[PDB]
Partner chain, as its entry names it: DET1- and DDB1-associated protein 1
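Read the single chain below, which is given as structure tokens and is the form solved without its partner chain.
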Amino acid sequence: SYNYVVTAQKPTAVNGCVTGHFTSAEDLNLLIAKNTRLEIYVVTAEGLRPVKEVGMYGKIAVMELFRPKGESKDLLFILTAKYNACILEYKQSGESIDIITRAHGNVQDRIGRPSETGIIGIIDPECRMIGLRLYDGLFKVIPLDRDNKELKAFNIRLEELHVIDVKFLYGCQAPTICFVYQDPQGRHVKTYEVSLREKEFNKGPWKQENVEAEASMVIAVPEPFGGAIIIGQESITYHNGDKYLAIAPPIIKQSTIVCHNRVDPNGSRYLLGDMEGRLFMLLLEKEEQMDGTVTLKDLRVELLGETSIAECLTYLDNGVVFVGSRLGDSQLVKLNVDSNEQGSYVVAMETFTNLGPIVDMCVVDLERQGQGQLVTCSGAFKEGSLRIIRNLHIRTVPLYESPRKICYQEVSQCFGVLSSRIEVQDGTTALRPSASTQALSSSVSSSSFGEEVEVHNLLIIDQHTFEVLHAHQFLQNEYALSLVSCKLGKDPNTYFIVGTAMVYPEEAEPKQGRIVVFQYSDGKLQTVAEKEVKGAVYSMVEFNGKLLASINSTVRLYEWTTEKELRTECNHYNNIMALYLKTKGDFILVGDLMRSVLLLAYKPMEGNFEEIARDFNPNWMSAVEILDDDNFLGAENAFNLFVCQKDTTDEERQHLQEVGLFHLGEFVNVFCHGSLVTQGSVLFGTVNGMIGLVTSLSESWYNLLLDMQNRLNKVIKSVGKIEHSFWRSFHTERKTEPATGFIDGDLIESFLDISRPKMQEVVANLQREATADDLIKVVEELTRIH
């Protein structure tokens, strides 16, 4: 199988941000790390001014800055999710900018299981070593001498397997490590002293202490204080040897504190963000002992205000804060000395678009010029919205609740959107005004104390004004899974059909579910038909004028009788749960979460499904799709794409061999046919917000482009010197296979950027002998599609 993958919209989620003097020792820099993309901005009075934006062959994962003695500017340490560590330096020669690679290496332990708490990276404040926690019970150390040009590392065997969080401590005679670890007794903070000469731990400066049962964040306070600060949900505790100061303010009780930052160089002020987007300031008050040293007196916390759900917080000088978010738009908030009348000190200066997470998407030609636009359901919680993408121009429509699915009715000129909002049980009370609660007309379906329930709505949204025309609230304790718009049977009306599952917390697998049929006309959404089923309706498709439903582990076919009632025609008990259902012609693709693809065909004359092929390869999927009659494309675990191909013996005719793999580097929620401007064009969304595009090449072009790639990989220089075939190798957390049948579109499209002298050596002896002009024309032709 031959395929072509191009990224039509670079990832926009923010993995993490750092601040420091990277570009120059005289100016401030802010480094954002979106998935695989590193953006270096220069901070100024007006705001961020982009200076560089590079793309690494890896997920940034860990990023840090450090200025070892003897350097003018700060070096940048990046460890990727594939364990490619690299120390980089920024070198501005005249008007030309290029990131130099001081050192690189692959710090991976062969035998081990990745820590369930996640990769942790930390740097000694004196910059003597780099500490990495990758695997339980092992603490990897990288000395930072000038001889480690390959990042040689050695492991220290920790005894406390479960380590929640770890930091280095400011102020000591040897690099000290303080960490919170959980054992059956509870959570304890413990300190070790790292010794390079012996390559092991020694008893720390102060013994272990017991802490809050959830104590799950460690902050290393700088001089003159020293010591550490431990944060949970319930209490904040400052430990420094004998000194112990605990404060349990009621204002942080409601939400977990998930990110932190140091505002002032002396640690007097810290910024804390919680899951629901609130921003607090943690104050440290100091006393001066007569003929002694400064000591901490008390800890105070006050609610600065409300921002976007905070994934990373950094403090740009002059009271600016860059709130990054993976669930919503990032922003630059301004901290005032006094609160506005609403009672909050935080105001918003600028907002940065974040398309991800893309939970569903659909291609629609609103203006009918033959080049369709795209609509995506982005964000979660209060950040949810609809993004309208066209040729790359993006428009936003906030909802203030999580959108889940989407479909388009051409005749009604409206979008159907499933949405979910969280309501407290204190009847239930809404938290904030939402799209579903502020609809022009509302309908309600009929047929503990602080617990948070989910209320689900179907929203009819006009396609031009994007105002919520209608909102239909579903039954209590009902969860809507699927949304398909289609016309069934000979019926001339067009319907919004919804699948829902009745989920009670006491149960495990839903027993009851519904298939509802709504008709939107004359400004009203009336329920036309309703079917009770014994299961959850995970997926639904329009199968040649019939409704294909996935009732638990079953594919059922409903015909639309003249009396307007769904009527069963055939069933196929197919063992697995038919979560992913796709159709083309007569072939049906069925899959569950753990791979297990299964291709059926609906025998028309007989009237019952017959299994045609199946492939059971236990591995998590994100979504599947059909490229053509014979090729199916899906996403496996660890951010991978894969292609199966239906085909001699019967066994060979019933085995969907994999004929292509690719480490896309993102989670692919949804695939959808359509192009925004090679046969076919399957767009796909992602969690990071990247929108990609897959097309089917011809054999000749596929060979040509594969050879051109293999040639480029010997010319183009990647940041940190990461072999391209390594970054595109398949990955399953203990296994790797080379990519096959997939042409990396970004690498090819980068051919245009390189200048003529490199062009000539890239094109030499390729495949009449081709010349730079012919390859330029071919690459232009490839660029046209996206």
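Residue numbers count along the first chain shown, from 1. The term rigid core refers to the most C-alpha atoms you can superpose between the two forms while keeping them within 1.5 Å.
K.L.:
Could you tell me how many residues of the deposited sequence sit unmodelled between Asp426 and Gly427 (none, 1 to 3, 4 to 9, 10 or more)?
P.N.:
Unresolved stretch here: 1 to 3 residues.
K.L.:
Should the segment between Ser24 and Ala25 be described as having none, 1 to 3, 4 to 9, or 10 or more unmodelled residues of the deposited sequence?
P.N.:
Missing in between: none.
Heads up, the form deposited with its partner chain bound isn't pictured, but that's what we're talking about next.
K.L.:
So in the deposited complex, does any heavy atom of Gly674 sit within 4.5 Å of its partner chain?
P.N.:
Contact check for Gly674: no, nothing within 4.5 Å of its partner chain in the deposited complex.
K.L.:
If you check in the deposited complex, is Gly171 within 4.5 Å of its partner chain, heavy atoms only?
P.N.:
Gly171: no contact with its partner chain in the deposited complex.
K.L.:
With a cut-off of 4.5 Å between heavy atoms, is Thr437 one of the residues that contacts its partner chain in the deposited complex?
P.N.:
Close contact is absent here: in the deposited complex, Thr437 is far from its partner chain, nothing within 4.5 Å, heavy atoms only.
K.L.:
Is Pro224 close to its partner chain in the deposited complex, meaning a heavy atom pair under 4.5 Å apart or at it?
P.N.:
Flag for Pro224 set to no.
K.L.:
Give me the residue from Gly319, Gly241, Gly523, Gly545 that has a heavy atom within 4.5 Å of its partner chain in the deposited complex.
P.N.:
For this set of options, the contacting one is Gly319.
K.L.:
Looking at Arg390, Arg567, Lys487, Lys152 here, can you tell me which has any non-hydrogen atom within 4.5 angstroms of its partner chain in the deposited complex?
P.N.:
Result of the distance check: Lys152.
K.L.:
Tell me, please, which stretch of 364-372, 514-522, 104-112, 461-469 lies within 4.5 angstroms of its partner chain in the deposited complex when heavy atoms are compared?
P.N.:
Contact criterion met by 104-112 only.
K.L.:
With its partner chain taken in the deposited complex, which residues across 41-69 come within 4.5 angstroms through any non-hydrogen atom?
P.N.:
Contacting residues: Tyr41, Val43, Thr44, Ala45, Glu46, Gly47, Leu48, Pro50, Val51, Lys52, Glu53, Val54.
K.L.:
After superposing on the rigid core, which residue out of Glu209, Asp707, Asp629, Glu467 has its C-alpha displaced by 2 Å or more between this form and the one not shown?
P.N.:
By this measure, the answer is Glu209.
K.L.:
Comparing between this form and the one not shown on the rigid core, is the C-alpha shift at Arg734 2 Å or larger?
P.N.:
The answer is yes, as the C-alpha of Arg734 shifts between this form and the one not shown by 2 Å or more after core alignment.
K.L.:
After a rigid core superposition, would you say the CA of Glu311 moves by 2 angstroms or more between this form and the one not shown, or not?
P.N.:
The answer is no; the displacement is under 2 Å.
K.L.:
When the rigid core is used for the superposition, does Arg432 move between this form and the one not shown (threshold: C-alpha shift of 2 Å or more)?
P.N.:
No, the C-alpha position differs by under 2 Å between this form and the one not shown.
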